[PDB]
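# Breakdown of the fold
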Amino acid sequence: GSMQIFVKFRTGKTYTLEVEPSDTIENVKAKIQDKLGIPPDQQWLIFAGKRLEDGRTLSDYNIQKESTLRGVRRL
C-alpha cells in the first residue's frame, strides 16, 4: 500500500511525499531526489530524535501516515 507523509526543512518549507511502509530509508531518499532534486548522499532524515538508518523501513520505525520527517543536509 501507500501513504502520504511530510518532510520539513529548516526553511520551514514542508513537502508531501508519497511512500510505502515497506520502503527503506534509502528509497525514501530516492523519492525526495525525484521531487526536489536533492541527491540522496546530501540527505539526512530524522524522526523521534534519531537519524534514520539505511536498510531499515518506515514500518520498522513505526512512522504513521501524515507524520513529519525532518530533512537535514548531509555534509
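Summary of conventions: residues on each chain are numbered from 1 in written sequence order, possibly unlike the entry numbering, and any residue without coordinates is omitted from what is shown. Heavy atoms throughout the structure, all of them, feed into the side-chain values; hydrogens and water do not.

This entry, as listed in the PDB, derives from X-ray crystallography and reports a resolution of 1.0800 Å.

All right, on to the side chain of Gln43 then. Along the chain, the position of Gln43 falls in strand β3 (residues 43–47). Polar contacts, as used here, are pairs of N or O atoms within 3.5 Å; protein pairs need one atom able to donate a hydrogen and one able to accept it. Residues neighboring in sequence count only if both atoms are side-chain atoms. Here the side chain of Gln43 touches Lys29 through a polar contact of 3.1 Å, landing on its backbone oxygen. Not counting chain neighbours up to four residues away, the residues in contact with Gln43 comprise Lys29, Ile32, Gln33, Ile38, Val72 and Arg74. Secondary structure elements follow DSSP: runs of H or I no shorter than four residues count as helices, runs of E no shorter than two count as strands, and numbering proceeds from the N terminus. Residues are treated as being in contact if the distance between any of their heavy atoms lies within 4.5 Å.

When a residue's accessible area, from a 1.4 Å probe over protein chains only, is under 20% of the maximum for its type it is buried; when over 50% it is exposed; and in between it is partly exposed. Residue alternation in strand β1 (residues 3–8) divides its side chains into a buried set, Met3, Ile5 and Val7, and an unburied set, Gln4, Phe6 and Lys8. Pairing between strands requires that DSSP locate at least two bridges from one strand to the other. Relative to strand β2 (residues 14–19), β1 is paired through 6 bridges, and the arrangement is antiparallel. Residue pairing for β2: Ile5 is matched across the bridge by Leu17. Where β1 folds back onto β2 in an antiparallel hairpin, the turn is made up of 5 residues, including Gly12, whose phi is positive at roughly 90 degrees. As judged from the 3 bridges shared by β1 and strand β5 (residues 68–73), these two strands associate in the parallel manner. Within β5, the residue paired with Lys8 across the bridge is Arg70.

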